[PDB]
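For reference, the structure discussed in these notes is given below.
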Amino acid sequence: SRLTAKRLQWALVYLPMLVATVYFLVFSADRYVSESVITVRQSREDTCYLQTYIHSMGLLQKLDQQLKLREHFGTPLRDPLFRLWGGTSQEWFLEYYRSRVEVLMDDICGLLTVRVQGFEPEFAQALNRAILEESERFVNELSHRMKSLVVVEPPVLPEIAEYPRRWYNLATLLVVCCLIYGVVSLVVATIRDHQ
Amino acid sequence: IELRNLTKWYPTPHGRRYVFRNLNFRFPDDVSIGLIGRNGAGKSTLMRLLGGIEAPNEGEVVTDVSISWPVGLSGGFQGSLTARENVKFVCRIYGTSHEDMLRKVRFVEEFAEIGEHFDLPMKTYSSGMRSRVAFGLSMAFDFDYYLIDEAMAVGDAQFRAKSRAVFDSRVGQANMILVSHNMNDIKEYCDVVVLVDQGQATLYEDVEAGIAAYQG
Amino acid sequence: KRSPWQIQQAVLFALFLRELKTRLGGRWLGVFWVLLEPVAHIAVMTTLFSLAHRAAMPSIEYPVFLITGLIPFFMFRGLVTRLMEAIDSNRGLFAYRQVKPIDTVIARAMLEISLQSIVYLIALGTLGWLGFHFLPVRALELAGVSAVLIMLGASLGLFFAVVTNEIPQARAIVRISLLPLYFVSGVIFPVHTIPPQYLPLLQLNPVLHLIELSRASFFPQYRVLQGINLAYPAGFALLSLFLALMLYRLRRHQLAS
Amino acid sequence: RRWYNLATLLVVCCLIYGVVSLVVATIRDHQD
Amino acid sequence: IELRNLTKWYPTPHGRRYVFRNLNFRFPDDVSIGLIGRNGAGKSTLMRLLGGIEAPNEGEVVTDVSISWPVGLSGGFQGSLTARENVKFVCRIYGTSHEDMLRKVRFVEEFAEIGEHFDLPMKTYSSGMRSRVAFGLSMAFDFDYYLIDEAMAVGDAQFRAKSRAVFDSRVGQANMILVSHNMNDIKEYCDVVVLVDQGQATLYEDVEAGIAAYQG
Amino acid sequence: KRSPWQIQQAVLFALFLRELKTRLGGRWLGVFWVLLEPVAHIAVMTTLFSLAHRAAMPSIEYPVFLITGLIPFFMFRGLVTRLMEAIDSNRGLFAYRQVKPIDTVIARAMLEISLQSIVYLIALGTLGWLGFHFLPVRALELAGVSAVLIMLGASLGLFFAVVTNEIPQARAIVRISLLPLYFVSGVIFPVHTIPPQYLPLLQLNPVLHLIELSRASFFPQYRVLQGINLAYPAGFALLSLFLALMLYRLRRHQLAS
Amino acid sequence: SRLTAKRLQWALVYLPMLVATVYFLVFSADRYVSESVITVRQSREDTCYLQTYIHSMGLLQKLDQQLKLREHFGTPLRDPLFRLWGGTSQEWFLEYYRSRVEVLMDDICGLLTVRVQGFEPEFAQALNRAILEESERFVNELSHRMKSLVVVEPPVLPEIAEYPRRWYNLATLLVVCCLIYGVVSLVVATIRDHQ
Amino acid sequence: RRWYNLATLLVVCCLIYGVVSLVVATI
């Protein structure tokens, strides 16, 4: 009946496509990533310590005091989904910082990989350098209070926006939308026939 | 229809039984046909060939007219289901709308004097109820050639009565090809007769002549 | 006279819902079975190998490590094991001049593709709800690998269905053929613990390559073993599909009675 | 353990009685 | 036989269909019986009850005479086998020696005008060959009460001819209970008639009276 | 009028040979299958666990360690998995007033008991020929354990056959129920390597007790694990047989159509 | 039909029963066993060395020279199957000695168990003592030129014939003969009916 | 634990009642 006219494709295929394109090419803001690869040697225990500490709240407090992350992360007024709204809760800021700085651990070699996303190419490298330096200081102070940081690949200065992926996301969400359209159409035909 | 040259055999263990060889027979037109045959002949095989159930492997048949599916006494239906979903499937298989499908299903239930047993799975029908449902379905759809394989041999007098009533309500636009072993029925249900023997097929205009050829 | 494509669509739709009421069942036990059996298996492996997996590699968690290899494997398993009766159990319906065996083998495939897509979507939703990773990092590669897995599995099912019509015993064969495939494909456990000296015999299983590629394209840090590629499963799927269609067309008229 | 052994023996003997009785009942009722 | 009180129902989804209730009917003696019934009645169910295929659950039947197994048109045989092993099984099932078994098998092949098709699996028989084999097997064994369920409806004239010849060679010591829908046959094949309707069963001496009650 | 025992003997004999031509097959492939599949499995396990077995315990050799637990296990497996169709596949024959479902379930059991006894005898002969131990040290205990295994297995098969008549899907259940039983029973590998903390769940499987008792009564130095006894499987067999006969007699008249 | 006509029962069941009973209860001779349990400690390697050496031909030569085993093992004239015929091949004598002295190894504890069968109760214990002493001497010589023997349970003097088991073998033998009788009867019925 | 033992006794009682009722229904 109502969910049987042609509008159903516009319900799932067309309008999500239109809103996705308007956001991705008109509203979105570039997010340059900077990648560094580090490790700790003198093994797994101290690397796990560092992996936990990088996402810790105290490091976020130090970085906010030193680079003013809260002011910078709210500079893109155009992007409505990826800006840090003023007056937001501290827990949301911690979640945002945890979502930006991506830390990956390799099983075989035990190499930490830090990918830091910033809205300015120099800012991402500066944040990566600050993270590496403060992590090294924490490893020294921690061990000394109770080791060194080996930087395999230093922070790099990006040139183009590795994120967000416009055409990639558009294509995969288009594929998902037609899959859901087919499933919903099959279900709707089943209800409309067995009634 | 033309029924051009064909060869029909089956993969028997003892070589191959060539049931039909070089059959080039042209069926008559605008008359009901009665297949008499005998045991060991190919009436049912020829019946399926007319219905397009299995294609010839060493031949072909030209049919420039709509052929209804064979009725028979076994096969053509789906078990473990009630007749309701079967008739919905059979009206859906020919690409129909909802109104015609519903009215044709209603005609199917109206023709068959079946009560609650219409809402029972295909296992729990007698030998007559399934034949009655199939026969009512045969005249439900609009065709030209109605294929009957002794589908009344398991019916009562009222079954024959309203089947004859329905057919006489639908005469003038369609004809019937039927095979049965009760020739009192085929005497008054057919115009010309066809006898098949030793794979060979022959046509007989006079019904009594075909009966005598059967018993000859 | 309507086009043959329209009558194909009508035949496929009619066979679809027809197959639905029996595959799902009138008792409504089919849905509970197919969303209670997978979680039961998930709970089993985890309870028996959580410590072993955490020892093998701690980068990703077991409940999300196994689902992404299990549900596609279950999908392929079902569409290779239910196409056996797509013709044999549907033999009595081959009396309406339009129904063909290819329709009955691909209608069941469409049905179970829809069913497993639904179970995958709901499983990803509930796994994100429980607090686990549920977004594929490279979703396009996962979609492509799933498509080639569907091609290979449907081709193998069609070939087996065409071959098995003479001897219905072959069910048992695929059943025993279904035992090592659940184990040798590395769905339950990562292939890290497999000794290298045995590795070639593992590399001859296309479903192992497909599961490894799905896991690599889903997680952001899964690493493939050397020798695992996409050329082998794609070529296998193409050649198998050619030979399956080749066989079906050779014995099309015998697909009756 | 006199009482435990006696109870176990009684249970097993009753089960043997049941098995023999149903076997005999089947072998006698099958005659039709 | 006595056919004492009984109750027959089936596990239908809509409660339970009590097909037979409190039936206390004494069959006649030394006369062929013709069951007419109707669609929806229990002729086949009563037929199986006479053959002891399924025992009554709320009743019993006293039969102090040997009853042959029902013939019917479906069931009672084993598929995927030739008729040869089937007839060896059926003569072995009654505890027979080798000579009588072999001669009775030979009689089975002699009665049925079947050539190489006798050495073919049960799948590759027509609707008439299986009935012919079953009917020849029915008069192979020595009994008193021969149970026939329209087993000729798929036979030719020669089938009826030599079946009548065999029966007239075996009259005087056995009687036949038959059900069929062609009452030209039951008029000359039976002595008294029995009509069942709404579960109730009734007996009619005159065959014409039973026919009129059928069509009444 | 002959006694009902004589007609039982005639019915059982007629059903015996009848079942023989189809279980063995007219192609004579049944015998080659049932004496080529066991040796194929034997070659498989040995090739994959000879070193593991020699590390676990070197007192006895693997080719004779596994056969004595495999062939009785295969016998029980077959007589629990082929009695499913003893009635369903033989349903069309229930029209001669003398054939009863109990006859058709026990005739198949007698047939396969004979078949597996033959395969056991020929396997012991060929294993003695190849130069391995082939004389049971305490043959009477092995015979008793085999008898109680037959009792338990036939009882379970009869109970399952009585229950499954309404829903023929149950095949699949026993099939999946057949997967852990081949592994959790310890037929492939000795139970020495099993961690003690898991041991109670292993001790709840009667077939594990029966296989362990057969191995202990066959070899002269096999040692049973603590908790393994004969009271549990004997009581299980007796109670299961009582409940199976109890069910069959409850639903005897419904075993038709 | 010659295999049939009730002579088949005598063919497999009766006549094997009579022959066994006549030779088992009248012809047979007692074989007293003597059991000792030893080990080597100072592990698995030396125990395996001893297990191999006990069945070695050189030890059999020394024992034949010291105790005259060949003369004694041929003393029971009544038993036809278990006597060492005079003039037999030396390989058959080695096989006979290997069949008599039974050596078992326990996996968990590594304890050798030697069961020596003699036709006289003193002879079995004497042979066990000689085997233990010569094994200890061999171990000491191997340790010195290229260790000690720990006797957990010393050789014991038997009182009754643990071997052969008359009723045990008879009962199990009849059990097997009836099983073979049933199988052969079923096969014969199959051939005589399918013909 | 009152309710725990009560529930266990309820399960045991239901099982034994079903078994005894079925056995009596046989004979």
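The chains carry the letters A, B, C, D, E, F, G and H, assigned in the order they are written, with residues numbered from 1 in each.
Everything below uses one rule, namely that a residue touches a chain if its C-beta (ideal position, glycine included) is under 8 Å from a C-beta of that chain, and two chains touch if they have at least 3 such contacts.
Protein identities per chain, from UniProt: B, E = ABC transporter ATP-binding protein; C, F = Transport permease protein.
Upon removal of subunit C from consideration, the remaining chains are partitioned by touching into the following groups: A | B, D, E, F, G, H. Chains joined by the most contact pairs: B-E. Rounded to whole angstrom, the centroid-to-centroid distance between subunit D and subunit H, based on C-alpha atoms, equals 22 Å. Chain geometry summary: the mean Cα position of subunit A and that of subunit F are 59 Å apart. Measuring from the averaged C-alpha position of subunit B to that of subunit G gives a distance of 81 Å.
Centre-to-centre separation of subunit B and subunit F, using mean CA positions: 51 Å.
Residue positions of subunit F with contacts to 2 or more other chains are 7, 13, 97-98, 246, 249, 257. In subunit D, the residues touching two or more other chains are 32.
The set of subunit B residues that touch two or more partner chains comprises 92. Pairwise chain contacts in this structure: A-C, B-C, B-E, D-F, E-F, F-G, F-H. Contacts from subunit G toward subunit F in the complex involve residues 104-107, 168, 171-172, 175-176, 179, 183, 186, 189-190, 193-194.
If you check the complex, the residues on subunit B that touch subunit C are 51-55, 57, 67, 69-70, 75-80, 85, 89-90, 92-95.
Here subunit F touches subunit E in the complex through residues 2, 6-7, 10-11, 13-14, 18, 21-22, 92-99, 253, 256-257, going by the rule given at the top. Remark: subunit D residues 12, 15-16, 18-19, 22-23, 25-28, 30-32 touch subunit F in the complex.
Of all residues in subunit F, only 246, 249-250 touch subunit H in the complex they form.
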